[PDB]
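Shown next as structure tokens: one chain only, the form deposited in one PDB entry.
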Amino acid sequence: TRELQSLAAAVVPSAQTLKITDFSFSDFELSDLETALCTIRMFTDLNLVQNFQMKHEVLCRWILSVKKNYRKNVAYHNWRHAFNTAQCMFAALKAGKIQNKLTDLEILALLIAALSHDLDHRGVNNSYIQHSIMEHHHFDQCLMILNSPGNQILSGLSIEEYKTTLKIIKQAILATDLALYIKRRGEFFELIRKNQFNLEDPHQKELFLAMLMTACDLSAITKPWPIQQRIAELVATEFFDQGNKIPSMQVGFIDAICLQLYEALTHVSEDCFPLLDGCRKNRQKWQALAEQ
């Protein structure tokens, strides 16, 4: 109640003041409350609070419920990673101008999905505790919080809108399984190579939303060099010391997973180039360290 009292009583600084429009945004100098304020600003400047009549204390309570259900003892898969994934989605919609290509229900679902896509993660080396098992657990945590008393930020939607938004939320969270990304990326790439990518097609729109979620999920690989070095530290902490080879592992991850995706994203919207650009500069830096 103390944290909710302070957060509800705060003034929400603008998007420019909070720097959440920048693809190079970082969160190291922000408190928990400050990340909650940036999240409120994300919902506000996407007109989600307006078009769906969210009450202020319900959104604040929902944000605090989502943050609380991430585990601080996990080095990378924690609330700050979820907060960063949502920030990148915001920057991609605004600075990347992806907003105009999607409906309000799609935007609403992507922001909720990005914030919720890793709920109750306990670390890669704690997989035993329990077709994308973890992503189904993540969505289940997301739905329970959405249904909790005082936390129902979707109450203003009609039953049709609500059923539609949950369907998109679920597919967006399921898309954060790398296995699903590997399975479906060939179709996404082949459509772009043949100059045949059309979002008016429902099947291709869902495929683009899947790829966009993966782009935001891994977007730490695109950050400026001092930030990426620190994020790579968190990944190495979670992988090895929880539950140097880092430079070459970062290069292989960039080659096998990241480069094509951010290239495909740039063809769809040229304003998403800073993600591809930042990903390339990090491959340059990591490869040099690997060579020593």
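Throughout, rigid core stands for the largest set of C-alpha atoms superposing within 1.5 Å between the two forms. In case it trips you up, residue 1 is the first one in the sequence shown, and so on. Only residues modelled in both forms are compared.
Heads up, the form deposited with a partner chain bound isn't pictured, but that's what we're talking about next.
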{"query": "Among the candidates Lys72, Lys101, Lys183, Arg193, the residue which, in the bound PDB entry, approaches its partner chain to within 4.5 Å (heavy atoms)", "finding": "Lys183"}
{"query": "Contact assignment for its partner chain in the bound PDB entry, among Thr164, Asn151, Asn78, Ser132, heavy atom within 4.5 Å", "finding": "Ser132"}
{"query": "Non-hydrogen atom contact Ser155 with its partner chain in the bound PDB entry at 4.5 angstroms", "finding": "no"}
{"query": "Contact of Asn147 with its partner chain in the bound PDB entry (heavy atom, 4.5 Å)", "finding": "no"}
{"query": "Partner contact for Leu178 in the bound PDB entry: its partner chain, 4.5 angstroms, heavy atom", "finding": "yes"}
{"query": "Candidate stretches 85 to 93, 103 to 111, 121 to 129, 213 to 221 - the one whose heavy atoms come within 4.5 Å of its partner chain in the bound PDB entry", "finding": "121 to 129"}
{"query": "Shifted position (C-alpha, 2 Å or more, core held fixed) between the shown form and the other one, chosen from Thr103, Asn147, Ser155, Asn125", "finding": "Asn125"}
{"query": "Large-shift segments between the shown form and the other one, meaning 3+ residue runs whose Cα move 2 Å or more when the rigid core is superposed", "finding": "125 to 130"}
